[PDB]
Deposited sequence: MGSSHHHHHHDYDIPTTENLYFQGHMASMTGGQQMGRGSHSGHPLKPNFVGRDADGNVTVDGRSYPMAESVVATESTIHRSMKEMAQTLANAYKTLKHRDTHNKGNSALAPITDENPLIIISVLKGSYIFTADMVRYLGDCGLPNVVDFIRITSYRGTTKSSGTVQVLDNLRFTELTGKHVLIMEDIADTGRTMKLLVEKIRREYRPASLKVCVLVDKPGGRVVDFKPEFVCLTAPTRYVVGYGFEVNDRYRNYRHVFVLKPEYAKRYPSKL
């Protein structure tokens, strides 16, 4: 993933990355190597932010003292399906590289809650939401409020792969931001049009003429 990537155009005028054409792409927001550089650095930022904190001991319920973040009481990561699963898969491995014990549960929402968390012991825990992109801010603002009210974690913060601060309509600022995008619809590396393009290794601005390309329900 961290081999340098070469952006160009083919003879048809389509964007290429490393010689492969992407007819749906207007431009390149970030290539694979750029994305993974930001994720590795972000994992270290996260390790540094969390590794000395303490929170409620649920490994041993007979204990009353707050406990360090360990395999016994790891950082709780809430990963928002579907858009975050690839991002989360790469991030948790880089967090392992940095020695930060964590466990992952998923929640699936619209942008409301389709699939609930199955972790039940979040009160008094350090909890980190891993989310694909913040645009108007409304989805995360609502999710953060929901988790805070239902569980009352010791802390609740958001890490996004991409922030689009130009789209904000509510006051919402993710504590941790890997990449920033212009105020456009992006696809690639988790981002999709009706699930297409999600498995690409780079993030692109979608051509407007592709926005309605796959209207048939899956």
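Note: segments 1-43, 155-165 of the deposited sequence have no C-alpha coordinates in the structure.
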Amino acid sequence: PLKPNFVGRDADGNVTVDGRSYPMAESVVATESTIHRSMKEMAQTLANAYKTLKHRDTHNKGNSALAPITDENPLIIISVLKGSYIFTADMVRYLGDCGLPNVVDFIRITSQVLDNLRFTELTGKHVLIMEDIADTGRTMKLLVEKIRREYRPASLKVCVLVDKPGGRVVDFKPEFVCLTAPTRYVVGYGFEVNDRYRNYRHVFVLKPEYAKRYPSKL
From here on, numbers count along this sequence of modelled residues.
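Residue-level annotation: residue 100 has coordinates in all of the other entries compared, counting only those that model residues on either side of it, so it never reaches the one-third mark. In at least a third of the other PDB entries of this protein that model the residues around it, residue 113 has no coordinates.
Per the PDB record, of the two stretches 57-65 and 158-166, 57-65 carries the greater mean B-factor over its C-alpha atoms. Higher mean CA B-factor, judged across 186-194 and 170-178 from the recorded values: 170-178. When the C-alpha B-factors of 128, 134, 104, 114 are read from the PDB record, the largest value belongs to 114. Ranking 110, 73, 123, 84 by the C-alpha B-factor listed in the PDB entry places 110 at the top. Residue-level temperature factors show residue 11 in the highest third of its chain, judged at the C-alpha atom. When all modelled residues of the chain are sorted by CA temperature factor, residue 36 is found within the lowest third. When the modelled residues of the chain are ordered by C-alpha B-factor, residue 148 sits in the middle third. Residue 30 sits in the lowest third of its chain by CA B factor, as recorded in the PDB entry. Sorting the modelled residues of the chain by their CA temperature factor places residue 98 in the middle third.
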